[PDB]
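Let's start with one chain on its own, the form deposited in one PDB entry, as structure tokens.
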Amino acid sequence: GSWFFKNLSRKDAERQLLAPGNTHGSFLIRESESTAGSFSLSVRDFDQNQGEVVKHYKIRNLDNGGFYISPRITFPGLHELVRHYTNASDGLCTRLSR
């Protein structure tokens, strides 16, 4: 609805974030169209070698329904995962905006 997109592939996430109006830390969580429940966080950032890049992080699933990018911190849902990284990069290339 603003940050969550179903059936958004990597390349379509890339054209989306790499579009003007977006800044570093701009992101979206996307669900695979061929594997329901498979989430990926896509983040726009600067890379000293290549310029404006979009980094992809794999959101993993816990058998209890939880999610995590790093095994150091797991979340009950996606909103909790998004709120966390919006207040601290905590391992990520940059903190999320919004």
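Here, rigid core means the biggest group of C-alpha atoms that superpose within 1.5 Å across both forms. The first residue of the sequence shown is number 1, and the count goes up from there. Only residues modelled in both forms are compared.
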Comparing 68-76 with 33-41, which has the greater mean CA B-factor as deposited? 33-41
22-30 versus 44-52 - greater average Cα B-factor per the deposited record: 44-52
Ranked C-alpha temperature factor of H84 among modelled chain residues, by third: lowest
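Note that the form deposited in another entry isn't included here; everything after this is about it.
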Relative to the superposed rigid core, does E33 relocate between this form and the one not shown - that is, does its Cα move 2 Å or more? yes
Where does the chain move between this form and the one not shown, taking runs of at least 3 residues whose CA atoms all shift 2 Å or more after fitting the core? 32-37, 47-49
